[PDB]
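J.:
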Amino acid sequence: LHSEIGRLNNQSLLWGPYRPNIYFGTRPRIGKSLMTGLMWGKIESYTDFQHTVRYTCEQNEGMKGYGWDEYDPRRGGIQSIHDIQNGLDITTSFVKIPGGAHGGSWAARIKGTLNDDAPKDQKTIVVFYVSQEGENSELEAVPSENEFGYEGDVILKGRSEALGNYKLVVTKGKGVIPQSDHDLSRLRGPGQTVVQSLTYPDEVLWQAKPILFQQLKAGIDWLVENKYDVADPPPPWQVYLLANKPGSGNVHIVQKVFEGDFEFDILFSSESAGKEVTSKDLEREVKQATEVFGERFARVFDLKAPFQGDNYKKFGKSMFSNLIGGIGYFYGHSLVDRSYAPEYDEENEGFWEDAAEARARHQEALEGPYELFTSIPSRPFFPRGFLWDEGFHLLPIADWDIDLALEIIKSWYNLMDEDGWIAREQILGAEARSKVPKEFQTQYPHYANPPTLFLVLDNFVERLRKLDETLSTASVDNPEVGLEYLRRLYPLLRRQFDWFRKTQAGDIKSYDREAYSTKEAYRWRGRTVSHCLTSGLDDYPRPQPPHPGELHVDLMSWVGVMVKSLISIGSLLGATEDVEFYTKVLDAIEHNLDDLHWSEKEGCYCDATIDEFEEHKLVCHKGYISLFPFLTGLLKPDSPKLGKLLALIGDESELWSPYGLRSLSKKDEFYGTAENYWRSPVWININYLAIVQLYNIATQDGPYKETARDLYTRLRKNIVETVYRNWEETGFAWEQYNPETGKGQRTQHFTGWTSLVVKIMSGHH
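Read in order, the letters of the sequence shown are residues 36 to 501, 515 to 813 in the authors' numbering.
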């Protein structure tokens with residue numbers, strides 16, 4: 036029965052608009068299969084279309100905003116695109132019809148409304164692009180009855196081993212289509228829908244913009260050869276109509292030209308299900324999906340005061356939809372240095388100089404291919420998987436559909452190598468690579484990343500202890529199924545636990561260092577003079593200069609996070625001998641945290657080095673790190689240490705801003721310095737951690753209960769209000785928030801862990 040629920044998940048999830056990197060497109064969770072993509076662009080001149088056409092997501096002055104208003108990966112949703120440069124408001128409704136053996140049918144409606152500042156007679160080119168990968172698959176445009184193209188529907192008939200027999204329909208649509216009076220119209224027709232059927236080698240099918248322009252250039256070239264010139268030129272929009280050439284190939288371009296407003300449907304019908312999907316079907320299914328989404332949101336995201344209002348529900352719905360709407364499917368080779376150079380051991384002083392040099396050898400090679408099914412931090416800037424980012428993304432998603440979360444966990448853990456390493460950044464496929472500057476492509480098997488995924492596993496277990517509808521929760525409702533998942537997964541967690549210990553261990557036994565345990569002490573590999581990429585808090589101030597003697601309090605606490613999860617998961621499966629070792633390791637970390645990291649002079653935890661005279665120095669920079677053992681849920685509520693920390697959090701002159709907790713205290717000499725990623729600004733992800741911990745202290749018999757309650761109340765308000773104000777003003781979620789002015793800065797469309805704000809509003813942690 037485990038594989039039963041599994042088999043039904045595969046099916047429910049297989050289709051999706053899983054191409055977050057582009058404005059709108061669909062592809063299933065299969066590496067080499069059928070992919071679609073939408074392009075549009077105004078045409079005012081003979082040259083302008085190359086600059087206007089939209090495809091892959093961007094964010095600039097040209098585009099106001101965009102994203103999902105509602106979205107379930109199981110049902111579909113609705114997307115709003117507000118395009119200034121093209122005078123266009125676009126709606127993409129996507130919807131999935133369960134049926135057959137192949138993962139259902141699906142449908143989409145593309146609706147374009149000129150805004151007020153567009154000419155009422157604007158000519159807009161629209162392209163739906165369709166490609167298929169595989170050796171023994173076939174896709175064919177049924178040709179038109181009319182001479183030069185299509186007066187109505189365009190029907191694609193295809194077959195693959197993966198999808199079986201299907202047909203894809205691009206409907207006639209509503210809207211004025213411009214007619215041309217020119218001599219050209221004898222040969223090209225006056226204006227109609229047109230199709231071109233091409234074949235390219237599979238590996239380039241994704242490069243749709245160039246493929247398209249290659250045809251457009253080909254057409255213009257033809258005009259020039261055939262004596263169409265400046266004496267009597269055809270109108271621009273007719274020059275950019277492709278000559279109709281339907282047939283079979285791995286690439287089909289469907290082109291429409293519209294005058295004024297327009298809309299059209301795409302209907303994908305699985306042969307193996309009932310009768311085909313019709314426009315009346317899509318309308319019905321859309322409407323019902325909206326209602327189910329409405330209903331679930333109220334249950335799962337019941338916003339507590341003072342955020343019960345409609346304004347905040349709209350905002351909550353947008354933060355969530357964007358987060359879960361950003362899920363994509365990725366497939367391709369990763370780029371790895373398997374050289375395992377000695378210099379990456381980082382055991383000499385000046386080790387960054389060494390490791391720099393090993394990198395310059397360039398022994399990295401492509402490998403895989405691999406698949407990953409994941410949410411992303413940002414459609415326009417970061418449409419790929421990030422290791423620690425995902426722990427936070429899944430916290431709201433877990434709430435909404437735990438089975439989907441567990442699917443994403445499973446996907447991530449399938450990337451783990453023999454040693455128990457997952458690359459912190461998953462760039463699978465040339466399409467993913469296309470958007471990444473070469474310097475950042477190569478992954479390194481000695482680079483760690485905060486095990487934030489464990490945090491979601493935490494939520495699962497607590498839920499465990501205590515049809516679309518059914519499947520979302522199936523893995524908690526049916527605990528035989530629940531435990532089986534954790535059974536298969538456990539080894540890999542354990543492997544990763546050990547991996548941390550083998551590769552990210554610090555030195556006690558070789559230094560002027562005493563502590564309750566000699567085993568437990570951790571250091572991030574990867575670190576450069578000014579940076580520590582692998583910790584996540586890339587430019588948070590660290591010991592100077594970097595040094596193999598370092599120990600890093602954040603890292604230690606992350607290990608704490610894992611031991612606690614393994615303990616809990618171990619119990620659930622009765623790994624006697626295993627639980628015991630974890631309990632030893634835990635007990636040690638608690639003691640050693642205090643021994644190695646706690647400062648009495650400073651009343652908070654700190655990082656550590658060894659000196660210009662070879663003894664153990666603590667180095668305190670009041671900030672997020674300083675709070676780490678707290679943020680990670682490692683302190684007993686009655687702890688005095690807890691006390692002095694809550695002092696630090698609450699302290700206006702240190703961390704406490706009107707807008708949330710500052711990455712780093714104003715008292716620190718490094719406040720506001722360098723590039724200032726983590727040297728002041730406000731981060732929803734760390735603030736989220738704090739808020740959860742406060743609430744835990746605040747709902748327990750214990751001596752801080754009431755200092756906790758005041759802090760949770762005020763932080764929760766501060767954080768939500770900043771994200772909201774900024775969303776209201778700019779329509780975006782932002783990567784971080786200015787501590788002085790409250791303004792969103794850095795990466796827009798960051799959904800992204802800024803979406804955690806729906807979980808902050810809905811309380812009950």
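Every residue, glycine too, gets a C-beta built ideally from N, C-alpha and C.
(1) With a threshold of 8 Å on Cβ separation, who are the neighbours of residue 464 within its own chain once the five nearest residues in sequence on each side are excluded?
(2) Can you tell me whether DSSP reads residue 735 as helix, strand or coil?
(3) Is it right to say residue 391 is buried, meaning 16 or more other beta carbons lie within 10 angstroms of its own, or is it exposed?
(4) What did DSSP end up calling residue 452 once you bin it into helix, strand or coil?
(5) Within the same chain, show all residues whose beta-carbon is closer than 7 Å to that of residue 428, passing over the 5 residues directly before and after it, in chain order.
(6) So for residue 200, helix, strand or coil by DSSP?
(7) Measure the beta-carbon distance from residue 698 to residue 759 and round it to whole angstroms, keeping in mind my assumption that it falls under 8 Å.
(8) Just reading off the beta strand (DSSP E) that residue 404 is part of, what are its end residues?
(9) State the start and end residues of the unbroken beta strand (DSSP E) segment that holds residue 544.
(10) Just grab the DSSP bridge partners of residue 364 for me.
(11) Between which two residues does the alpha helix (DSSP H) holding residue 761 run?
(12) Could you give the residue range of the beta strand (DSSP E) that holds residue 664?
(13) Rounded to a whole number of angstroms, what is the C-alpha to C-alpha distance between residue 188 and residue 288?
(14) Around the Cβ of residue 383, are there at least 16 other Cβ atoms within 10 angstroms (buried) or fewer (exposed)?
(15) Kindly provide the ranges of any alpha helix (DSSP H) runs that are 4 or more residues long and lie completely inside the segment 340-399, ordered along the chain.
(16) Can you give the Cα-Cα distance for residue 528 and residue 38, rounded to whole angstroms?
(17) Name the DSSP bridge partner or partners of residue 294?
(18) Could you give the DSSP three-state label for residue 515: helix, strand or coil?
(19) May I ask you to report which of helix, strand or coil DSSP gives residue 723?
(20) Assuming contact is defined by CB atoms lying nearer than 8 Å, are residue 135 and residue 305 in contact in what I supplied?
(21) When you compare the segment 559-576 with the segment 593-602, are there three or more beta-carbon pairs, one atom per stretch, that lie closer than 8 Å?
(22) Answer yes or no: do residue 456 and residue 585 have a C-beta to C-beta separation smaller than 8 Å?
(23) Provide the residue(s) that pair with residue 52 in DSSP beta bridges, ordered along the chain.
(24) Please say whether residue 740 and residue 354 have beta carbons closer to each other than 8 Å?
(25) What span of residues does the beta strand (DSSP E) with residue 278 cover, start to end?
(26) Say whether the segment 543-557 touches the segment 605-620, bearing in mind that this needs 3 or more beta-carbon pairs closer than 8 Å, one atom from each stretch.
(27) Determine, using beta-carbon pairs with one atom in the segment 291-298 and one in the segment 152-172, whether at least three such pairs fall under 8 Å.
(28) Given residue 21, which residues of its chain have a CB within under 8 Å of its CB, disregarding the five upstream and five downstream residues?
(29) Starting from residue 126, follow its DSSP beta bridges and name the residues at the other end.
(30) Can you name the start and end residues of the alpha helix (DSSP H) that residue 249 belongs to?
(31) Is residue 312 near residue 68, with beta carbons less than 8 Å apart?
(32) Determine contact between the segment 223-232 and the segment 199-215, defined as no fewer than three beta-carbon pairs at a distance below 8 Å.
(33) Going by DSSP in three states, residue 314 sits in which element: helix, strand or coil?
(34) How far does the alpha helix (DSSP H) with residue 232 in it reach, from first residue to last?
(35) Less than 8 Å separating the beta-carbons of residue 80 and residue 271?
(36) For the segment 654-673 and the segment 614-622, state whether three or more C-beta atom pairs, one from each stretch, are separated by less than 8 Å.
T.: Reading off the structure:
(1) 241, 365, 366, 367, 368 and 404
(2) helix
(3) exposed
(4) DSSP, reduced to helix, strand and coil, places residue 452 outside both helices and strands of the structure shown, so it counts as coil.
(5) 358, 410 and 801
(6) strand
(7) 6 Å
(8) 399-409
(9) Not the beta strand (DSSP E): residue 544 falls in the alpha helix (DSSP H), residues 527-551.
(10) Note: residue 364 sits in a beta bridge opposite 408.
(11) 753-778
(12) Looking at the DSSP string, the run of the beta strand (DSSP E) that includes residue 664 is 664-667.
(13) 14 Å
(14) exposed
(15) Listed in chain order, the complete alpha helix (DSSP H) runs (minimum 4 residues) inside the segment 340-399 are 345-360 and 386-394.
(16) About 12 Å.
(17) 158 and 211
(18) coil
(19) coil
(20) Result yes, Cβ atoms of residue 135 and residue 305 sit closer than 8 Å.
(21) Counting C-beta pairs with one atom in each stretch, the segment 559-576 and the segment 593-602 have three or more that are closer than 8 Å, which means they touch.
(22) no
(23) 62.
(24) no
(25) Careful: residue 278 lies outside any beta strand (DSSP E) and carries neither H nor E.
(26) yes
(27) Contact between the segment 291-298 and the segment 152-172 is present, because at least three Cβ pairs lie under 8 Å.
(28) This structure does not reach residue 21, given that the chain is present from 36 up to 813, and the question cannot be answered.
(29) 115 and 146
(30) 243-260
(31) no
(32) yes
(33) helix
(34) Element bounds for residue 232: not the alpha helix (DSSP H) but the beta strand (DSSP E), 229-233.
(35) By the CB criterion at 8 Å, residue 80 and residue 271 fall inside the cutoff.
(36) no
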